2 protein chains.
Amino acid sequence: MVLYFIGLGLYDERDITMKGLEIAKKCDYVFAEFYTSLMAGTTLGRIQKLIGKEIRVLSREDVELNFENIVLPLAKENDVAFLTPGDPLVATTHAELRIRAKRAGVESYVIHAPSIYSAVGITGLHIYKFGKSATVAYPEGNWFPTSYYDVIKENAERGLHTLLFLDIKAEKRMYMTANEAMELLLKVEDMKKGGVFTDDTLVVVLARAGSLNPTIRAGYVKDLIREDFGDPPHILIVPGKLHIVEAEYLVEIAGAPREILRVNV
Amino acid sequence: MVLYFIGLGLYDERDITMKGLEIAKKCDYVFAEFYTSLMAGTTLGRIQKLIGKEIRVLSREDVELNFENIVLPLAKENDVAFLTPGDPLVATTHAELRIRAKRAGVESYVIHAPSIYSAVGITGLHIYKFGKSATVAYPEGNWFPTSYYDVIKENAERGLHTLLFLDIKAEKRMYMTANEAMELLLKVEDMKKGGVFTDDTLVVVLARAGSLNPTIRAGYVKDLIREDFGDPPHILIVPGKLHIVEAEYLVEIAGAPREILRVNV
Ligand SMILES: Nc1ncnc2c1ncn2[C@@H]1O[C@H](CSCC[C@H](N)C(=O)O)[C@@H](O)[C@H]1O
């Protein structure tokens, strides 16, 4: 009579925590959603085999509209698990589901897993220096979202780094690349002209974090906008003011132009 | 010829990922550091028994000063694991160690795990709204740091939440409590008088993130400063203006007073 929110991690089925695995193994029913992110190193089949349970995949509408009708009813008389890529409560609105659980008389527990939000530490940028985060959303017909541009401006003025989650259209299997994100940003720059994101802007790209060989690249937009960063998922970062130690790591590990070491004071 | 930075996760020995545990098991030598943070829900012996191989604990000095003389030499002709609490490279000093591995001609890979930085999602506060992070350090002798106070001020001013890592004297296993942090912040407010932290300030406390039963509490400083939040570790968060869903989660899951729905939203 409980509901477990269990994260599966960054890239493959082994990114789940042992705590999460052992609990999932003992649940009666196991649901999951794969629309909030992309696990590029595994398959539903491999996950099912590891957990030894059939996984009932849910759509965004199934969750946001009918979570209390599909999952909670079973949780009232069984041990139920709801799996998600990465950490279940990071860059998702899943936290709200615990409220629905309580109002349904179902106790809930959360089991964390590696998240892209903290995994960006592998870029060498100090985690504490990351400011407000944003999501670069795909334009919808004539609707053109631009809120993320203002987030960068705000952080950059404070000397903070900006983490940019990239859009994903799971049902259409569309995963925004860092290239597409950069293209969108340059266009927003033309409209607002706030001098926030240009060809000379230094950016960092992290692709397939969690894999043994993720792509970690840093450089100016003009040089990376057409570079191949490999298969999705990707995240884009616009650094703020760099510490020499961050610059050194970017140069040594992310192949950044040695000129960034010569930080301006 | 390979060095693995493996995260142990949030609280106990089961917080490591399957990937990390399986890799650690196949390594010829296993090292660990417990100075950037601790693993309050377990012991060295329990971690060692789970992995099944002896673990050599390294001091801060061993790592910061002699990493290349203690760890790297073995990594040259052996597979070596270096375990760290949480997610590797979230702690600011970890990253530079990969550069040392590069110069020694040793390949290094990062195996991620949950970090408190991302685990705070369990407070119901949207991850994108967290601004710059800060650490509350104990004043000592002629040194009385107050930077964390300004971090809250600048974040709150922009409607962002502030995650406050609390001081930890790792070697002595002594943790700063959320209560002590609140007391210190009130003292800083008395000095700076910026109207940033007072008895009417809404705060959130997260203790023992990672365990199935962490303490998640929200309320005004006046009421929480003397409350018992249980055993370490404690994390303090000063939320910025709240989205109604964040407030409802705090009320329903963290026992926050109904007052926050009309004062902090
Ligand atoms: N392994 C990975 N590598 C690079 N980016 C990733 C990633 N996993 C997630 N992302 C990024 O984050 C977006 C999903 S947002 C959901 C994040 C998830 N709850 C977590 O905890 O990580 C993706 O569109 C992508 O931009």
# chains A, B, ... in the order shown; residues from 1 in each chain; ligands from 1
>>> calpha_fit_rmsd(fixed="chain A", moving="chain B")
1.0 Å
>>> residues_around(residues="residue 47 (chain A)", least_positions_apart="5", cutoff="12 Å", atoms="only C-alpha atoms", output="PyMOL selection string")
chain A and resi 8-9+11-16+21+24-25+30-32+39+41-42+52-57+83-85
>>> closest_atom_pairs(of="chain B", to="ligand 1", cutoff="12 Å", atoms="only C-alpha atoms and all ligand atoms", output="CSV")
residue,atom,partner,partner_atom_place_in_ligand_line,distance
B:111,CA,ligand 1,1 (N),11.8
B:112,CA,ligand 1,1 (N),10.3
B:113,CA,ligand 1,21 (O),10.9
B:114,CA,ligand 1,21 (O),9.3
B:115,CA,ligand 1,21 (O),10.5
B:117,CA,ligand 1,21 (O),11.0
B:118,CA,ligand 1,21 (O),7.4
B:119,CA,ligand 1,21 (O),9.2
B:120,CA,ligand 1,21 (O),11.4
B:121,CA,ligand 1,21 (O),9.4
B:122,CA,ligand 1,21 (O),11.8
B:126,CA,ligand 1,19 (N),11.4
B:127,CA,ligand 1,21 (O),9.7
B:128,CA,ligand 1,15 (S),10.4
>>> select_by_dssp(residues="region 2-224 of chain B", states="strand (DSSP E or B)", output="count of residues only")
59
>>> atom_distance(atom1="CA of residue 180 (chain A)", atom2="CA of residue 254 (chain A)")
20.1 Å
>>> residues_around(residues="region 26-29 of chain A", least_positions_apart="3", cutoff="8 Å", atoms="only C-alpha atoms", output="number ranges by chain")
A: 22-23, 53-55, 74, 78-81
>>> write_last_selection(atoms="N, CA and C atoms", output="JSON list (two decimals), in the first residue's frame")
[["chain", "number", "residue", "atom", "x", "y", "z"],
["A", 22, "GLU", "N", 16.79, -2.72, -5.59],
["A", 22, "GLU", "CA", 16.26, -3.68, -4.63],
["A", 22, "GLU", "C", 14.81, -3.43, -4.24],
["A", 23, "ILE", "N", 14.40, -2.16, -4.23],
["A", 23, "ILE", "CA", 13.02, -1.83, -3.89],
["A", 23, "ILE", "C", 12.12, -2.13, -5.09],
["A", 53, "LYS", "N", 10.54, -7.24, -13.65],
["A", 53, "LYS", "CA", 9.13, -6.88, -13.61],
["A", 53, "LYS", "C", 8.69, -6.28, -14.94],
["A", 54, "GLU", "N", 7.41, -6.44, -15.27],
["A", 54, "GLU", "CA", 6.89, -5.86, -16.50],
["A", 54, "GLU", "C", 6.70, -4.37, -16.21],
["A", 55, "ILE", "N", 7.16, -3.53, -17.12],
["A", 55, "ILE", "CA", 7.04, -2.09, -16.93],
["A", 55, "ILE", "C", 5.93, -1.47, -17.78],
["A", 74, "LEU", "N", -3.99, 1.14, -7.47],
["A", 74, "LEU", "CA", -3.26, -0.09, -7.19],
["A", 74, "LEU", "C", -2.37, 0.06, -5.97],
["A", 78, "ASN", "N", -1.32, -2.43, -2.98],
["A", 78, "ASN", "CA", -0.08, -3.06, -3.44],
["A", 78, "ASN", "C", 1.10, -2.11, -3.30],
["A", 79, "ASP", "N", 2.31, -2.66, -3.42],
["A", 79, "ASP", "CA", 3.53, -1.87, -3.39],
["A", 79, "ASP", "C", 3.75, -1.51, -4.85],
["A", 80, "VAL", "N", 3.67, -0.22, -5.17],
["A", 80, "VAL", "CA", 3.82, 0.23, -6.54],
["A", 80, "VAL", "C", 5.01, 1.16, -6.74],
["A", 81, "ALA", "N", 5.65, 1.05, -7.90],
["A", 81, "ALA", "CA", 6.79, 1.89, -8.23],
["A", 81, "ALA", "C", 6.53, 2.66, -9.52]]
